[PDB]
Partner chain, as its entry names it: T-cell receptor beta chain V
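Next up: a single chain in structure tokens, the form deposited without its partner chain.
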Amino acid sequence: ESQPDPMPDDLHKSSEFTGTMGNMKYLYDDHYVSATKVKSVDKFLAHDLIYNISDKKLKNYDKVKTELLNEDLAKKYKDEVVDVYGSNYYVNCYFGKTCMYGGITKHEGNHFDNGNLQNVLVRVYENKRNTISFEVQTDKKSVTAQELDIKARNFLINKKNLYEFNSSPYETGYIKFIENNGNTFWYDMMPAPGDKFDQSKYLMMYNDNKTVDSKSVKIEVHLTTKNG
């Protein structure tokens, strides 16, 4: 069964976050771990996998630990040739090391043919009006929801100032995934109330390694603006 859509009090309010909105912005603004045809090299806890992945660009890490929801997932992927996509953090990361959640898909059989890319449609709703729509791309057949989530938020940060250093133009936001079997789920896009932001804790939602069919999945982003 589907996750029921948000109740009014399910959704975090950015007005109730008095920490730094930049710490959320940072997780999604041109920010991801990406690795291809890798195989885990080690483990810390029972539910995690460590990989030798170096960031090209700014050269900040060469090992990545991904935590999974349970031990069965770790065992399932441990010796598989995988591709990795996700949002990394350094604060309270403990095994040039960085930490993330989920992001795992088997490589073999998971790509479209002629170097093809699959376009996935994101409809954006602002105070319930579909104001803009845009496409994100993946070359994966079964893609993590996290990868599509990161791609969509990166675009909304840049095009819609979704997150800014001090705050956000939006009060609440969730990203909803609609699958072709009718299953739906959603992530809260705002930080928990209070004055600190816990990145390890926020990102932990991706631990389930949730995958969707890229060719068929529908995405909705539902935002509410501040005054009314």
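Note that the rigid core is defined as the largest set of C-alphas that superpose within 1.5 Å between two forms. Numbering follows the first chain given and starts at 1.
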The stretch that moves more in 8 other deposited structures of this protein, judged by RMS C-alpha distance from this form after core superposition, 18-26 or 5-13, is 5-13
Judged by RMS Cα deviation after a rigid core fit in 8 other deposited structures of this protein, the more variable of 110-118 and 144-152 is 110-118
Looking at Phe95 and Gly96, the deposited sequence has unmodelled residues in between totalling 4 to 9
Per the PDB entry, mean CA B-factor is higher for 199-207 or 30-38, namely for 30-38
The stretch carrying the higher mean Cα B factor in the deposited entry, 70-78 or 144-152, is 70-78
From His47, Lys176, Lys59, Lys65, the top C-alpha temperature factor is at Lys59
Per the deposited B-factor column, the C-alpha that peaks among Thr131, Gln137, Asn88, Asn110 belongs to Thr131
Of the three thirds of Cα B-factor ranks in this chain, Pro191 occupies the middle
In terms of its chain's C-alpha B-factors, the third that includes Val124 is the middle
Binned into thirds over the chain's modelled residues, the C-alpha B-factor of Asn166 lands in the highest
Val84: C-alpha B-factor third of its chain, per the entry, is the lowest
For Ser54, the third of its chain by CA B-factor is the highest
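If you look for the form deposited with its partner chain bound, you will not find it shown, but the lines that follow are about it.
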Query raised in the report: Should the three residues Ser54, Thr105 and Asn110 be counted as contacting its partner chain in the deposited complex, with contact defined as a heavy atom within 4.5 Å for each?
Result: no
Of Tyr26, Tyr32, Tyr174, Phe177, the only residue with a heavy atom within 4.5 Å of its partner chain in the deposited complex is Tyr26
_Please determine whether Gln199 contacts its partner chain in the deposited complex, using a 4.5 Å cut-off between heavy atoms._
yes
4.5 Å heavy atom contact, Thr36 and its partner chain in the deposited complex:
no
